[PDB]
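> Okay, here's the structure, questions in a sec.
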Amino acid sequence: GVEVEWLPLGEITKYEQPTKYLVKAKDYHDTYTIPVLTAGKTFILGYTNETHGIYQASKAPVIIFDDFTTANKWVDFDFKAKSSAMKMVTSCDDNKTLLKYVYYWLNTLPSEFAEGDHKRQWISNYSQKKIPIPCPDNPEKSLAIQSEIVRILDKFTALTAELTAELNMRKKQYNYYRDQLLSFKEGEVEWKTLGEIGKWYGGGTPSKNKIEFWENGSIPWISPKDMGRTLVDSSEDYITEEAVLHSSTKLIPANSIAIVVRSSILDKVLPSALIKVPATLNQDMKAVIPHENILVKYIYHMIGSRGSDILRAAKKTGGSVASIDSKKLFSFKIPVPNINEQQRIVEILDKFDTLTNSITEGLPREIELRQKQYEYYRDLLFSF
Amino acid sequence: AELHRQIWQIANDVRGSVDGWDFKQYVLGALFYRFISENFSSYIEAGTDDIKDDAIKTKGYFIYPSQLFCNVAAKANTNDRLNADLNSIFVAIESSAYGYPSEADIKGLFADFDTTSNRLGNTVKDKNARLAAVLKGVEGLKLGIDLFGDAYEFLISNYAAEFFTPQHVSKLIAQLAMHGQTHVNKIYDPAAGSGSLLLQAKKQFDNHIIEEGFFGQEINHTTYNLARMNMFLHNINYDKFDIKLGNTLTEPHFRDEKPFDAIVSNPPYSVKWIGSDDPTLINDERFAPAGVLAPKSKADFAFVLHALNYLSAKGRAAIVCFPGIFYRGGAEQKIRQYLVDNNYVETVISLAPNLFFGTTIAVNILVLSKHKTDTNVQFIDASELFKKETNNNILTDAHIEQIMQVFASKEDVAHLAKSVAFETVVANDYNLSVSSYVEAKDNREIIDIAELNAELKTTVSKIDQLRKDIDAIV
Amino acid sequence: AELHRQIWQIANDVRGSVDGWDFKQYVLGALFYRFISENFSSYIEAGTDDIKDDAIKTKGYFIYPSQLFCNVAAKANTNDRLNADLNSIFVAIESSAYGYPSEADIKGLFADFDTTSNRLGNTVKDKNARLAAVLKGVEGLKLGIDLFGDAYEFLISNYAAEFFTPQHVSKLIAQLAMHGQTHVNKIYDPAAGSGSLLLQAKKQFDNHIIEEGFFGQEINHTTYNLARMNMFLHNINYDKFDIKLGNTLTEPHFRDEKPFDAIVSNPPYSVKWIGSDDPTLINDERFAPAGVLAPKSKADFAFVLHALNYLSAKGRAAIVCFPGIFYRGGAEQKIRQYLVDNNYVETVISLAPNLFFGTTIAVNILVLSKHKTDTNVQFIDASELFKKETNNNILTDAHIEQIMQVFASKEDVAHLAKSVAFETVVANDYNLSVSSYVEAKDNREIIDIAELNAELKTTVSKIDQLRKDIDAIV
Amino acid sequence: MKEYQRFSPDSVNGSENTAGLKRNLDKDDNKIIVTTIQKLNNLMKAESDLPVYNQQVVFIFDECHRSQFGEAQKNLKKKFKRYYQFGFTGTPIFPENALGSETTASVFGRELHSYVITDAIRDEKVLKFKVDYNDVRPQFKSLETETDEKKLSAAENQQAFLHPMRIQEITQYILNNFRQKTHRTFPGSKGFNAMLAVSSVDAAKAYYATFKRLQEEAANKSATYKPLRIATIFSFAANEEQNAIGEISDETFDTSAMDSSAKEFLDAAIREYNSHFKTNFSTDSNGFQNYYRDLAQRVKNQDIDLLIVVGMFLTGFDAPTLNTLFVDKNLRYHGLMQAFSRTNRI
């Protein structure tokens, strides 16, 4: 870029409000087909996609999310919906703008956009100014120098999208390859009932009234609001060592597993984690230690494998907010093999999911680092 | 909604001008007085019709609607005569107006009812202007074959903002009280609330089925009053048609009239009562066959025991509960044991959350019969019904038609519930109802199709990383 | 909480046994009667102390507390004498008991107050048993130097479940009414709500500062009543100490007494009023200097204009708002223009969300003065205060101490707000307050340190993919 | 808003909503309606199909100036059928007041009941008069005692009637007699404020500098003379006839309709007023009117010693603490009575 000029935004930008929607109909299941695209995660399910006066989302506009936010940005992918809050941004000019260029230029400035704090509309304010522009060598090669850098950002965005895609396919193929192996076991592996594996410990919760029992201390507390990880090493809450006077808990060793019994199941998959520190958990989940005839990671992968049907064994337990019974959870039989059919198979399968999972030696360790160097090179490219 | 929805909005406009219950009492009394006046005028002048009437004085002729409708309005104290002298001092003659139909001692009174419109009110001119404005606004309601009370249903539904029914669910449980039984009577109701769920069958079966008027019982005082005027609006015969006030757990009546032939109900939930219990209500006629009472936090199944007490030799029964009363400890377990002692409990059908007014939980309906085959059949039902925005759904007449088709002859339809056995329910700990939904959408894939795709991901990925390394020239 | 928190829990136990407001009226009247009786006995017998008293009849001596506390309790109608004859038929003598202090015509009555405890109630024996049980339960409150009304603060905070203040924020805005001005008076309040925010200064300054009693005005009737008993509990002099009932937008009083010297307030938000306006309230003494009214959806700044009307030549002012009143269209823009016409608006300080009872928004406080230097200074404040679980925080006495240190002499502290200029605010469109928070945590990295790490990721990645290809032997 | 005897008194306005006023016609039981003659005339000329035109209508009027005094009454005759029109006034018209208009008894009719000033004075509601001319200057004695209304109207100038020696001796008279006539003969006395009204603006532009300079000289005579804070206000103008014979022509609210020799003179006087009193009112279309209101409020509390007046403060203003009025003007039947009403309150 030989000549650089900053220009105001709304000079070269056509802003328009959404075409009117009534897309709140009685069923919009996955059998339907429109992409309903909102803020945060930009996808809700199908809907019948024609004759509703849908904007149809032509070749390359951009959007902004939204009132109280004005930070979230999404490329209009192909031809999609007008989903319920969106505000449409495009340009009047064609031979200078090519507004995926300015899609890339808009996320360059989180200066105000690190402040979603006050109830507020920002339309005129970002609609003023500024952005840098390769003017005044327009219309000769103004977009022609862009093709380099927009190719750079397109390769990088392509990288991010495919890495998410191969992570998804990797977990998909991995879960499909887990239980093809390791299962239907013959012949004939012992149908050992759960709890005949090691005396496991229930739970317990101190009240938050006594600030003595709550404010300090170095015992790692575990809560299922803080679960959803895998291989938990530490949590948000560290509870008081005095509080074991009336915690109604048990301090457990540092090679344990744990499993929820409340409110993520009754709907979905139940999490579990290798807890590597001595810790306690609340009323609402269970801690398990096995007993010595085993290798503990094999028990972990066995439970995480058979989760989708041990939830099925005791699913409903009433229309209450709570979930799976104690007894039918306790009274499930798993094939427990000989030790050579513990350590080898858990070595292969542990090597596999430790290739997949967070953080150190992992795929997200590639993902967010390429995200960081992405944004760094973005900010690196855009000065004068 | 054709010519209706405008008048629904007119009622919404009339909703002024203070907190809703206070003026709402006067609103309901006004439309009640208007409808009784118009119905009485329609009776006495279906043929010379007179807007203004006379003091014709013939008591012997007067007592014959006092045997038929049980109430003379008056000679000249009708609404249409009173609508001429509006804004006229004073207004308290309406109190004396309520003296007129409340004579009604011959026969089978059903009076002692209209004590709603009291006086507050701070000056007499405030009372005059306010009540005259209410009468003027209720006079302009262009309604006049003569469907009237659905706006009353709207206005009574416009509160707790109690929880009664989204009315297609009431039509559903009415179709559960089906079928093919021209057999006196219908219908008893414990804890009726409104007469909304006590309406659909005979309003659909005005001369299709001919059994008797309706009986019931309800807890609250003002809910009892609005229930009696609710059932009175819909042009229903005076014959025996009533509800008495009280509680079924404390004043169970009427035992002597009769073992009923069909019942529906909406019992409220978590309705803890006196424990456990201080009188001998174990040793009554209905809880002694169970074996134990229904304590405070589990105060639900006392209603269903009281329901199954008042039942015929053949006629079915249908009640609503929520599926959280599942096993609920050993007391409710042995209650369930006496319920499954026979084919007393015939069918159970679940209903997806919410389909109510912000509750937000799911429900289920229990259909009982002393009309057996016998095996237990847990035909529960999940999705689909839309729920939240307007009503919603509300609700899919073909879906309830096909669930009646399923209820007809005992099919075994997967991706849906099916029959079970008595051996199955004794294999359960009498659970309500885990069995028998099957589908889970756990869909298979292909090893090779996934892995060569992942190889394509890599062949994209590594060269794009190479091009990033090219772009690392800074 | 030392010997307190148990008694807070005892009040929670006494909270039975119906919906809270209804019995709560009788509870407050009971503790009110108990405290007046104990204070009157403490006055008349600080030295021979008698549990039971006499009919000593000396009216001339009786009228002297009727000039001093303005009310004789009675000869024998105190609480401690009435606590002997509990459960005695009948109970309605308490009504006649309220005749006794309500004589009080000499001088400056402050009576006509205690009409809370009405009768419902369905039988006389119900009334006797219920009110006697309430008196017995309130008698057992072991309180007795004599801090009493914080449990009253708890019970009045236990509702809208209105929104008054988390009381350390009231202590904060009290410290905003600081400093160093022994200058009559304090304190006027428009829309006071409770007397909670109208308490902290003179309760801290019982003989430290000596100016006058408190004045104010409040909208609701029962809130006015609980406010007067709230301010009456805390052992405050009879002198002129009062609030009158009304609305400041409709009955602004008192103009003649006086131009005040310090004010705090909690005006409610989005409080739309009569528009726009039908009387000549543009041409009053306080809105004509602005230039335009405060319409319906923007009904906030009428309170702050009414506030700045009643101000001295020197004494500062402090009000609360929410930062959503930001520019709010051209009407509020020109309101802001007349606010920034001088250094009327001195400082503004933001306060992080929520720090309230489920509102859930942030707030800000505006401190005004006709005591100028002058430049505008937007010392807004973000995090940190904890917010949600117990109260919370509540709240960090060193943090408010250092924000008073910042407020003392005009520092310019980054990672925090600082001063601005009048040229800056006319460069703004009078915005409240974008300037001047700076920090964003956009932290740099290193090219080479990132890329050789990524190379280490690759050297792990490719050989692990090779080992997966080894593991593809099936 | 002063009609709040009844509660609520249905004191409705459109302001200026002829659609709102006809809505109030359509709305029932706001049984009193207050409206201007201008709103009524806008309603009649804008709308001529109202249902009120054949209805029982009562009218009561007050404070009649001469803009729509006959024309709106001609619309009242034209676009109505059943009216009962009544009047409250202090302004009779009939014998010698207007001489060219429809008189009160010919507008309205019978003098239904009257309450003259006389027995009100007898019943201690207002106070008495002492009207004296200041035959003090034998130079302009013939011109002061001149009664030729043609020459007093026409040959009024700045030298034969506004001479600097003449104005100077007027000033010396009033500054000698102020603290006597305001009962300020003692230091701890209470005191009263006073007004001085004239008929021409250039007189007042002479007067402000005249009083200022002569007070400067009086303070420089012996360094003992207590000065007097003297203020003044006016905008514009004797705009129309606006009245009968003879009253004050009302000043409109146009700020700078006169020259800046009058307008910026007033502005500099208001800047000196701001410099002494720490006020904020500029002379725009907003600060001037509320400046007038603020000056009206702070002249009432005896914190302003002397008020020079062109044409304001003569009809609707009240001052319970003002005993003494000074006139250099020629007046007529009852506009002069309206001027004399500005002292006589008890």
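Ordering of the structure tokens sets the chain letters (A, B, ...); residue numbers start at 1 within each chain; ligands are numbered from 1 in the order shown.
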Counting only C-alpha atoms, what is within 9 Å of residue 242 of chain A, bar same-chain residues fewer than 3 positions away, as a PyMOL selection string?

chain A and resi 212-213+217+239+245-246

> For the residues in the current selection, export N, CA, C and O atoms as a PDB file, in the first residue's frame.


ATOM      1  N   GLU A 212     -16.785 -18.606  58.069  1.00  0.00           N
ATOM      2  CA  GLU A 212     -15.614 -19.364  58.510  1.00  0.00           C
ATOM      3  C   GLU A 212     -15.428 -20.628  57.682  1.00  0.00           C
ATOM      4  O   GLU A 212     -14.312 -20.957  57.265  1.00  0.00           O
ATOM      5  N   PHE A 213     -16.521 -21.340  57.419  1.00  0.00           N
ATOM      6  CA  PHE A 213     -16.461 -22.590  56.679  1.00  0.00           C
ATOM      7  C   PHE A 213     -16.352 -22.389  55.175  1.00  0.00           C
ATOM      8  O   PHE A 213     -16.241 -23.378  54.445  1.00  0.00           O
ATOM      9  N   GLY A 217      -9.462 -21.466  52.663  1.00  0.00           N
ATOM     10  CA  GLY A 217      -9.196 -22.889  52.685  1.00  0.00           C
ATOM     11  C   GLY A 217      -8.723 -23.430  51.356  1.00  0.00           C
ATOM     12  O   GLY A 217      -8.971 -22.831  50.307  1.00  0.00           O
ATOM     13  N   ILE A 239     -12.500 -24.726  49.379  1.00  0.00           N
ATOM     14  CA  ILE A 239     -13.309 -24.648  50.582  1.00  0.00           C
ATOM     15  C   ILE A 239     -12.411 -24.853  51.799  1.00  0.00           C
ATOM     16  O   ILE A 239     -11.260 -25.287  51.694  1.00  0.00           O
ATOM     17  N   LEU A 245     -15.454 -30.251  59.812  1.00  0.00           N
ATOM     18  CA  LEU A 245     -16.159 -30.517  61.060  1.00  0.00           C
ATOM     19  C   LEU A 245     -17.624 -30.858  60.808  1.00  0.00           C
ATOM     20  O   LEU A 245     -18.174 -31.764  61.443  1.00  0.00           O
ATOM     21  N   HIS A 246     -18.277 -30.143  59.884  1.00  0.00           N
ATOM     22  CA  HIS A 246     -19.659 -30.459  59.536  1.00  0.00           C
ATOM     23  C   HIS A 246     -19.920 -30.357  58.037  1.00  0.00           C
ATOM     24  O   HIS A 246     -21.005 -29.929  57.626  1.00  0.00           O
TER      25      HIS A 246
END

> At a cut-off of 6 Å, using only C-alpha atoms, what residues contact residue 260 of chain B? Leave out same-chain residues fewer than 4 positions from it and give the result as a PyMOL selection string.

chain B and resi 310-312

> Can you list every residue in segment 264-454 of chain C that DSSP puts in strand (DSSP E), as a VMD selection string?

chain C and resid 317 to 321 345 to 351 363 to 368

> Hey, can you spit out that residue selection with C-alpha atoms as a PDB file, in the first residue's frame?


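After the write, selection.pdb holds the following:
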ATOM      1  CA  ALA C 317     -26.675  17.523  46.526  1.00  0.00           C
ATOM      2  CA  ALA C 318     -26.610  13.854  45.607  1.00  0.00           C
ATOM      3  CA  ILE C 319     -29.163  11.774  43.713  1.00  0.00           C
ATOM      4  CA  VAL C 320     -29.264   8.336  42.114  1.00  0.00           C
ATOM      5  CA  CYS C 321     -30.180   7.412  38.545  1.00  0.00           C
ATOM      6  CA  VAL C 345     -23.609  19.059  37.600  1.00  0.00           C
ATOM      7  CA  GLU C 346     -20.338  18.659  39.473  1.00  0.00           C
ATOM      8  CA  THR C 347     -19.485  14.946  39.522  1.00  0.00           C
ATOM      9  CA  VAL C 348     -20.958  11.659  38.340  1.00  0.00           C
ATOM     10  CA  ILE C 349     -19.981   8.241  39.685  1.00  0.00           C
ATOM     11  CA  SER C 350     -21.094   4.944  38.186  1.00  0.00           C
ATOM     12  CA  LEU C 351     -21.799   1.815  40.227  1.00  0.00           C
ATOM     13  CA  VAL C 363     -26.661   2.651  38.534  1.00  0.00           C
ATOM     14  CA  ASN C 364     -24.876   5.963  38.897  1.00  0.00           C
ATOM     15  CA  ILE C 365     -24.995   8.877  41.303  1.00  0.00           C
ATOM     16  CA  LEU C 366     -25.016  12.555  40.379  1.00  0.00           C
ATOM     17  CA  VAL C 367     -23.498  15.026  42.824  1.00  0.00           C
ATOM     18  CA  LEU C 368     -24.455  18.632  42.201  1.00  0.00           C
TER      19      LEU C 368
END

> Can you pull out every residue within 12 Å of residue 84 of chain B, counting only C-alpha atoms, but drop anything in the same chain fewer than 4 positions away, and send it as a PyMOL selection string?

chain B and resi 51-52+76-80+88+132+135-136+139

> Where does chain C meet chain B within 10 Å, residue by residue, with the nearest atom pair and distance in Å to one decimal for each, counting only C-alpha atoms, listed by chain and rising number, as a tab-separated table?


residue	atom	partner	partner_atom	distance
C:447	CA	B:472	CA	8.4
C:448	CA	B:472	CA	9.6
C:451	CA	B:472	CA	8.7
C:458	CA	B:462	CA	9.6
C:462	CA	B:462	CA	9.9

> Those selected residues, please, written with N, CA and C atoms and delivered as a PDB file, in the first residue's frame.


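selection37.pdb, freshly written:
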ATOM      1  N   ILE C 447       6.217 -12.901  17.831  1.00  0.00           N
ATOM      2  CA  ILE C 447       6.107 -13.695  16.608  1.00  0.00           C
ATOM      3  C   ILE C 447       6.861 -15.008  16.756  1.00  0.00           C
ATOM      4  N   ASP C 448       8.147 -14.917  17.101  1.00  0.00           N
ATOM      5  CA  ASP C 448       9.031 -16.075  17.062  1.00  0.00           C
ATOM      6  C   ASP C 448       8.702 -17.063  18.170  1.00  0.00           C
ATOM      7  N   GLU C 451       5.666 -18.893  16.997  1.00  0.00           N
ATOM      8  CA  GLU C 451       5.753 -19.759  15.827  1.00  0.00           C
ATOM      9  C   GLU C 451       6.628 -20.976  16.092  1.00  0.00           C
ATOM     10  N   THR C 458       3.528 -29.006  15.790  1.00  0.00           N
ATOM     11  CA  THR C 458       3.566 -29.825  14.580  1.00  0.00           C
ATOM     12  C   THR C 458       4.455 -31.051  14.758  1.00  0.00           C
ATOM     13  N   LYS C 462       2.528 -34.543  13.805  1.00  0.00           N
ATOM     14  CA  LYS C 462       2.724 -35.415  12.652  1.00  0.00           C
ATOM     15  C   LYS C 462       3.152 -36.813  13.070  1.00  0.00           C
TER      16      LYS C 462
END

> Select all residues from chain C having any atom no more than 8 Å from an atom of chain A (counting only C-alpha atoms, ignoring ligands), output as a list in words.

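Result, ordered by chain then number: residues 323, 324, 362, 440, 444, 445, 447, 450, 454, 457, 460, 464 and 468 of chain C.
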
> With C-alpha atoms kept, could you save the residues just selected as a PDB file, in the first residue's frame?


ATOM      1  CA  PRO C 323     -27.039   5.316  33.235  1.00  0.00           C
ATOM      2  CA  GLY C 324     -29.638   4.541  30.564  1.00  0.00           C
ATOM      3  CA  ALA C 362     -26.084  -0.789  37.032  1.00  0.00           C
ATOM      4  CA  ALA C 440      -8.779  -3.123  27.575  1.00  0.00           C
ATOM      5  CA  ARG C 444       0.976  -8.219  22.933  1.00  0.00           C
ATOM      6  CA  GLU C 445       2.837 -11.422  22.091  1.00  0.00           C
ATOM      7  CA  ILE C 447       6.107 -13.695  16.608  1.00  0.00           C
ATOM      8  CA  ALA C 450       4.575 -18.208  19.086  1.00  0.00           C
ATOM      9  CA  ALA C 454       3.548 -23.952  16.873  1.00  0.00           C
ATOM     10  CA  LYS C 457       2.975 -28.568  18.122  1.00  0.00           C
ATOM     11  CA  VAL C 460       4.231 -33.621  18.142  1.00  0.00           C
ATOM     12  CA  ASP C 464       1.252 -38.834  16.540  1.00  0.00           C
ATOM     13  CA  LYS C 468      -2.453 -43.377  14.563  1.00  0.00           C
TER      14      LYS C 468
END

> Select all residues from chain B having any atom no more than 12 Å from an atom of chain D (counting only C-alpha atoms, ignoring ligands), output as a ChimeraX atom specification.

/B:87,126,129,133

> When you look at residue 92 of chain B with a cut-off of 9 Å (counting only C-alpha atoms), what residues show up, excluding the ones that are within fewer than 4 positions of it in the same chain? I need them as JSON, numbers by chain.

{"B": [96, 97, 127, 128]}

> Pull N, CA, C and O atoms from the residues just selected and write them as a CSV table (one decimal), in the first residue's frame.


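Wrote it out as selection.csv, contents follow:
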chain,number,residue,atom,x,y,z
B,96,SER,N,-81.4,-3.3,46.1
B,96,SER,CA,-82.8,-3.7,46.1
B,96,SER,C,-83.1,-4.6,44.9
B,96,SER,O,-84.0,-5.5,45.0
B,97,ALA,N,-82.5,-4.3,43.8
B,97,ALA,CA,-82.7,-5.2,42.6
B,97,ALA,C,-82.3,-6.6,42.9
B,97,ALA,O,-82.9,-7.6,42.5
B,127,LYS,N,-69.7,6.7,43.7
B,127,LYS,CA,-70.4,5.4,43.5
B,127,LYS,C,-71.3,5.6,42.3
B,127,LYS,O,-71.3,4.7,41.4
B,128,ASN,N,-72.1,6.7,42.2
B,128,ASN,CA,-73.0,6.9,41.1
B,128,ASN,C,-72.3,7.0,39.8
B,128,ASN,O,-72.7,6.3,38.9

> Which residues are close to segment 221-236 of chain B, i.e. within 7 Å by only C-alpha atoms, leaving aside same-chain residues fewer than 6 positions away? Reply as a list in words.

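Here the qualifying residues turn out to be residues 113, 149, 193, 194, 195 and 245 of chain B.
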
> In Å, with one decimal, what is the gap from atom CA of residue 165 of chain C to atom CA of residue 396 of chain C?

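Result for atom CA of residue 165 of chain C versus atom CA of residue 396 of chain C: 16.3 Å, one decimal.
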
> Mind pulling up the distance from atom CA of residue 343 of chain B to atom CA of residue 372 of chain B?

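Taking atom CA of residue 372 of chain B as the start and atom CA of residue 343 of chain B as the end point, the length is 6.2 Å.
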